[PDB]
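Breakdown of the fold
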Amino acid sequence: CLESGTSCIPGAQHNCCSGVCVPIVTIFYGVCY
């Protein structure tokens, strides 16, 4: 799973450990909760 702080893409298949992808710059660049 993508760990906390690791970049994910909000709207795409975000396999984060919490599952939550937090948009930082935009919805094109976020980080997992």
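Read on for a plain summary of the structure. (Residues numbered from 1 in each chain as written, not as in the entry; some residues may be left out. Heavy atoms only, no water.)

Let's talk about the state of the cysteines
Summed over the entire model, instances satisfying the criterion amount to three disulfides. Each disulfide pairs two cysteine sulfurs, and for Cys 1 the partner residue is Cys 17, the sulfurs being separated by 2.0 Å. Judged by the sign of its S-S torsion, about 85°, the cystine formed by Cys 1 and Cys 17 is right-handed. One end of the pair, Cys 1, is in the segment before β1 (7–8); the other, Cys 17, is in the loop between β1 and β2 (21–26), and 16 residues separate them in sequence. Note that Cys 8 is cross-linked by a disulfide to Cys 21, the S-S spacing being 2.0 Å. Taking the sign of the S-S torsion, about 110° here, the bridge from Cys 8 to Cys 21 comes out right-handed. Here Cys 8 is found in strand β1, whereas its partner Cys 21 is found in strand β2, with 13 residues between them in sequence. The same class applies to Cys 8 and to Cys 21, which are both buried. (Disulfide = S-S within 2.5 Å. Helix = DSSP H or I, 4+ residues; strand = E, 2+ residues; numbered from the N terminus. Buried < 20%, exposed > 50% of the residue type's maximum accessible area, 1.4 Å probe, protein only.)

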